[PDB]
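File shown: protein.pdb (PDB, C-alpha atoms).
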```
MODEL        1
ATOM      1  CA  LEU A   1     106.077 157.674 150.786  1.00  0.00           C
ATOM      2  CA  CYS A   2     106.014 154.267 152.581  1.00  0.00           C
ATOM      3  CA  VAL A   3     108.816 151.930 153.728  1.00  0.00           C
ATOM      4  CA  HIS A   4     108.627 148.230 154.385  1.00  0.00           C
ATOM      5  CA  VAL A   5     110.360 146.209 157.063  1.00  0.00           C
ATOM      6  CA  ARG A   6     111.432 142.555 157.181  1.00  0.00           C
ATOM      7  CA  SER A   7     111.201 140.141 160.146  1.00  0.00           C
ATOM      8  CA  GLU A   8     108.194 139.813 162.432  1.00  0.00           C
ATOM      9  CA  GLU A   9     106.890 143.372 162.385  1.00  0.00           C
ATOM     10  CA  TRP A  10     103.574 144.149 164.120  1.00  0.00           C
ATOM     11  CA  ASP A  11     103.033 147.544 162.442  1.00  0.00           C
ATOM     12  CA  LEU A  12     104.259 148.894 159.122  1.00  0.00           C
ATOM     13  CA  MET A  13     106.430 151.984 158.676  1.00  0.00           C
ATOM     14  CA  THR A  14     106.169 155.055 156.471  1.00  0.00           C
ATOM     15  CA  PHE A  15     108.602 157.559 154.969  1.00  0.00           C
ATOM     16  CA  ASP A  16     107.850 160.830 156.638  1.00  0.00           C
ATOM     17  CA  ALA A  17     109.568 163.428 158.836  1.00  0.00           C
ATOM     18  CA  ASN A  18     108.184 165.963 161.300  1.00  0.00           C
ATOM     19  CA  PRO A  19     109.035 169.747 161.273  1.00  0.00           C
ATOM     20  CA  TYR A  20     112.041 169.498 163.612  1.00  0.00           C
ATOM     21  CA  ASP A  21     115.094 167.517 162.454  1.00  0.00           C
ATOM     22  CA  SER A  22     116.370 163.947 161.644  1.00  0.00           C
ATOM     23  CA  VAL A  23     118.968 164.105 164.476  1.00  0.00           C
ATOM     24  CA  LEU A  24     116.020 163.650 166.952  1.00  0.00           C
ATOM     25  CA  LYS A  25     115.846 159.915 165.919  1.00  0.00           C
ATOM     26  CA  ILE A  26     119.560 159.083 166.595  1.00  0.00           C
ATOM     27  CA  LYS A  27     119.491 161.320 169.764  1.00  0.00           C
ATOM     28  CA  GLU A  28     116.194 159.643 170.979  1.00  0.00           C
ATOM     29  CA  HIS A  29     118.051 156.260 171.096  1.00  0.00           C
ATOM     30  CA  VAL A  30     120.700 157.962 173.404  1.00  0.00           C
ATOM     31  CA  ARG A  31     118.441 160.258 175.576  1.00  0.00           C
ATOM     32  CA  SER A  32     117.374 157.829 178.318  1.00  0.00           C
ATOM     33  CA  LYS A  33     117.391 154.916 175.698  1.00  0.00           C
ATOM     34  CA  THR A  34     121.147 153.908 175.607  1.00  0.00           C
ATOM     35  CA  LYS A  35     121.312 154.322 179.449  1.00  0.00           C
ATOM     36  CA  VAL A  36     118.296 152.011 180.151  1.00  0.00           C
ATOM     37  CA  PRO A  37     118.074 148.359 178.805  1.00  0.00           C
ATOM     38  CA  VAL A  38     115.098 147.459 176.537  1.00  0.00           C
ATOM     39  CA  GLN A  39     115.345 148.579 172.887  1.00  0.00           C
ATOM     40  CA  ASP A  40     111.595 148.011 171.989  1.00  0.00           C
ATOM     41  CA  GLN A  41     112.414 148.634 168.284  1.00  0.00           C
ATOM     42  CA  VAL A  42     115.849 147.919 166.723  1.00  0.00           C
ATOM     43  CA  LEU A  43     116.740 148.423 163.048  1.00  0.00           C
ATOM     44  CA  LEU A  44     119.527 146.852 160.991  1.00  0.00           C
ATOM     45  CA  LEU A  45     120.851 147.660 157.525  1.00  0.00           C
ATOM     46  CA  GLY A  46     123.958 146.295 155.829  1.00  0.00           C
ATOM     47  CA  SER A  47     125.153 144.178 158.814  1.00  0.00           C
ATOM     48  CA  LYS A  48     125.044 147.262 161.184  1.00  0.00           C
ATOM     49  CA  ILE A  49     122.490 148.752 163.658  1.00  0.00           C
ATOM     50  CA  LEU A  50     120.445 151.763 162.520  1.00  0.00           C
ATOM     51  CA  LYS A  51     119.195 154.233 165.103  1.00  0.00           C
ATOM     52  CA  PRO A  52     116.622 156.215 162.969  1.00  0.00           C
ATOM     53  CA  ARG A  53     113.796 154.629 160.865  1.00  0.00           C
ATOM     54  CA  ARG A  54     115.548 155.628 157.542  1.00  0.00           C
ATOM     55  CA  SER A  55     118.880 157.518 156.819  1.00  0.00           C
ATOM     56  CA  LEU A  56     120.688 156.258 153.621  1.00  0.00           C
ATOM     57  CA  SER A  57     120.223 158.469 150.493  1.00  0.00           C
ATOM     58  CA  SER A  58     122.984 156.161 148.973  1.00  0.00           C
ATOM     59  CA  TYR A  59     120.940 155.281 145.812  1.00  0.00           C
ATOM     60  CA  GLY A  60     120.522 158.867 144.516  1.00  0.00           C
ATOM     61  CA  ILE A  61     116.831 158.750 143.526  1.00  0.00           C
ATOM     62  CA  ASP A  62     114.595 161.844 143.594  1.00  0.00           C
ATOM     63  CA  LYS A  63     111.283 160.144 142.679  1.00  0.00           C
ATOM     64  CA  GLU A  64     108.473 158.597 144.663  1.00  0.00           C
ATOM     65  CA  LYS A  65     109.513 155.001 145.294  1.00  0.00           C
ATOM     66  CA  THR A  66     109.192 152.535 148.123  1.00  0.00           C
ATOM     67  CA  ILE A  67     112.062 150.799 149.924  1.00  0.00           C
ATOM     68  CA  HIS A  68     112.533 147.602 151.855  1.00  0.00           C
ATOM     69  CA  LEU A  69     114.908 147.358 154.780  1.00  0.00           C
ATOM     70  CA  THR A  70     115.293 145.016 157.795  1.00  0.00           C
ATOM     71  CA  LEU A  71     114.010 145.707 161.292  1.00  0.00           C
ATOM     72  CA  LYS A  72     113.481 143.552 164.411  1.00  0.00           C
ATOM     73  CA  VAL A  73     112.058 144.028 167.941  1.00  0.00           C
ATOM     74  CA  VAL A  74     113.375 142.970 171.334  1.00  0.00           C
ATOM     75  CA  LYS A  75     112.065 143.212 174.937  1.00  0.00           C
TER      76      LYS A  75
ENDMDL
END
```

Written form, structure tokens:
Amino acid sequence: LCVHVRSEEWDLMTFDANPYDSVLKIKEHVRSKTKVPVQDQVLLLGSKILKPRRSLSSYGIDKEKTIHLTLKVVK
């Protein structure tokens, strides 16, 4: 599908996942990313900081639908 991001975004985002896992996104922000300053891409969702690009399934939909979330960029 495709996913949309609020703020000043310079490229759009898309709802897709590569044939590994989804833990690679949260672990990528820790593996040389939490230890070094410079976030390059930060994500936010319900007053908290998100580490992947999408990880909610809170709505319970199983149909092809787009989504709109908030994202920002620093350094």

List the residues matched by the PyMOL selection byres ((chain A and resi 37-47) around 7) in the displayed structure as a ChimeraX atom specification, ordered by chain and then by residue number.
-> /A:35-36,48-51,69-75

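Selection check: the PyMOL selection byres ((chain A and resi 22) around 12) on the shown file gives residues 16, 17, 18, 19, 20, 21, 23, 24, 25, 26, 27, 28, 51, 52, 53, 54, 55 and 56 of chain A.
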
Next, the residues of the selection above should be written as a PDB file, in the frame of the given file with C-alpha atoms.
```pdb
ATOM      1  CA  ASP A  16     107.850 160.830 156.638  1.00  0.00           C
ATOM      2  CA  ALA A  17     109.568 163.428 158.836  1.00  0.00           C
ATOM      3  CA  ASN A  18     108.184 165.963 161.300  1.00  0.00           C
ATOM      4  CA  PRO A  19     109.035 169.747 161.273  1.00  0.00           C
ATOM      5  CA  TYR A  20     112.041 169.498 163.612  1.00  0.00           C
ATOM      6  CA  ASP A  21     115.094 167.517 162.454  1.00  0.00           C
ATOM      7  CA  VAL A  23     118.968 164.105 164.476  1.00  0.00           C
ATOM      8  CA  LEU A  24     116.020 163.650 166.952  1.00  0.00           C
ATOM      9  CA  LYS A  25     115.846 159.915 165.919  1.00  0.00           C
ATOM     10  CA  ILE A  26     119.560 159.083 166.595  1.00  0.00           C
ATOM     11  CA  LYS A  27     119.491 161.320 169.764  1.00  0.00           C
ATOM     12  CA  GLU A  28     116.194 159.643 170.979  1.00  0.00           C
ATOM     13  CA  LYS A  51     119.195 154.233 165.103  1.00  0.00           C
ATOM     14  CA  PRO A  52     116.622 156.215 162.969  1.00  0.00           C
ATOM     15  CA  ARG A  53     113.796 154.629 160.865  1.00  0.00           C
ATOM     16  CA  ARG A  54     115.548 155.628 157.542  1.00  0.00           C
ATOM     17  CA  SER A  55     118.880 157.518 156.819  1.00  0.00           C
ATOM     18  CA  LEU A  56     120.688 156.258 153.621  1.00  0.00           C
TER      19      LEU A  56
END
```

Identify, on the basis of all atoms listed in the file, every residue whose closest approach to residue 64 (chain A) does not exceed 12 Å; exclude the query and any residue fewer than 3 positions from it along the same chain; express the result as a PyMOL selection string.
-> chain A and resi 1-3+15+61+67

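CA of residue 68 (chain A) lies 28.8 Å from CA of residue 32 (chain A).
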
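With CA of residue 65 (chain A) on one side and CA of residue 4 (chain A) on the other, the separation reads 11.4 Å.
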